[PDB]
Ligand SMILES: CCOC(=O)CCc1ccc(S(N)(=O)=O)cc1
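Presented below, as structure tokens, is a lone chain in the form solved without the ligand.
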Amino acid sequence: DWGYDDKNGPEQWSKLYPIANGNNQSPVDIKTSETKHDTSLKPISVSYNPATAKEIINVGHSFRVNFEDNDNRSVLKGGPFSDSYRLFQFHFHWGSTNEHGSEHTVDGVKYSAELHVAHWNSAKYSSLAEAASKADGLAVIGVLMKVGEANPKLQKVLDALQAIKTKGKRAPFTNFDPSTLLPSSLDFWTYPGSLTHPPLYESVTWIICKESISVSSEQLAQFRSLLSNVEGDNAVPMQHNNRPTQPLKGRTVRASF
């Protein structure tokens, strides 16, 4: 399809998905001496309703927690946005070892994993599908995860993994507010960018927290224990799913702080 292996992975994605060398590609390195101040940035506000949580799914390259997105029970507003965005999903990226799992980097530093909390512009568009290709259609919070102490907010998430071990398995995942995973400071950087895997649409406004959150070495072990194959086939552990950083191509990263 496309994947993270040497034959189908990120360096190879341009053959099928030419926008991979576009001008608004995500995974970037944020250089802090080159970010620009902005006084127009509002604080980021999140208000999610735990009753929107729906399901956890093993999609083969990764795993996702989907939320009901039929109404505005769970929205992101403020920051750079005038439209309120509707939460639809969160998931993680991680690497083969502790040294490099994050997608975004800050002054060259690689963290051990990265949380993404994804939203779509429901003031302009009527569905995620319509929003997903539009320049202003997606909003995504990225949070860097620094290996150290066990993070207890991950518990419900990590305990659900044993029920979705192989590709395609899914299960109810209910009554959960993913604003509990966020850092306590909500200082951020913003830039215009992309989905970090195929289709790779340039549709995302990224919100990168300044503050990392923790994760233990054993908690990263549980993510890597997930299986990319379908039940019954030989076990093939999901060892990594992070893309290399991409050239800014003249874009400005703005800091809120």
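Residue indices: 1-based, along the sequence shown.
The following text describes the form deposited with the ligand bound, which does not appear among the structures shown.
Enquirer: Which one, 208-216, 45-53, 226-234, 187-195, holds residues whose non-hydrogen atoms are within 4.5 Å of the ligand in the bound PDB entry?
Expert: Looking at the partner contacts, the answer comes out as 187-195.
Enquirer: Can you check whether residue 66 is within 4.5 Å of the ligand in the bound PDB entry, heavy atom basis?
Expert: Yes.
Enquirer: I'd like to know if residue 128 sits close to the ligand in the bound PDB entry, meaning any non-hydrogen atom pair within 4.5 angstroms.
Expert: Yes - in the bound PDB entry, heavy atoms of residue 128 and the ligand come within 4.5 Å of each other.
Enquirer: Can residue 140 be called a contact residue for the ligand in the bound PDB entry at 4.5 Å between heavy atoms?
Expert: Judged by the heavy-atom cut-off of 4.5 Å, residue 140 is in contact with the ligand in the bound PDB entry.
Enquirer: In the bound PDB entry, is there a heavy atom of the ligand that lies within 4.5 Å of any heavy atom of residue 91, even though the partner is absent here?
Expert: Taking the distances in the bound PDB entry, the answer for residue 91 is yes, it comes within 4.5 Å of the ligand.
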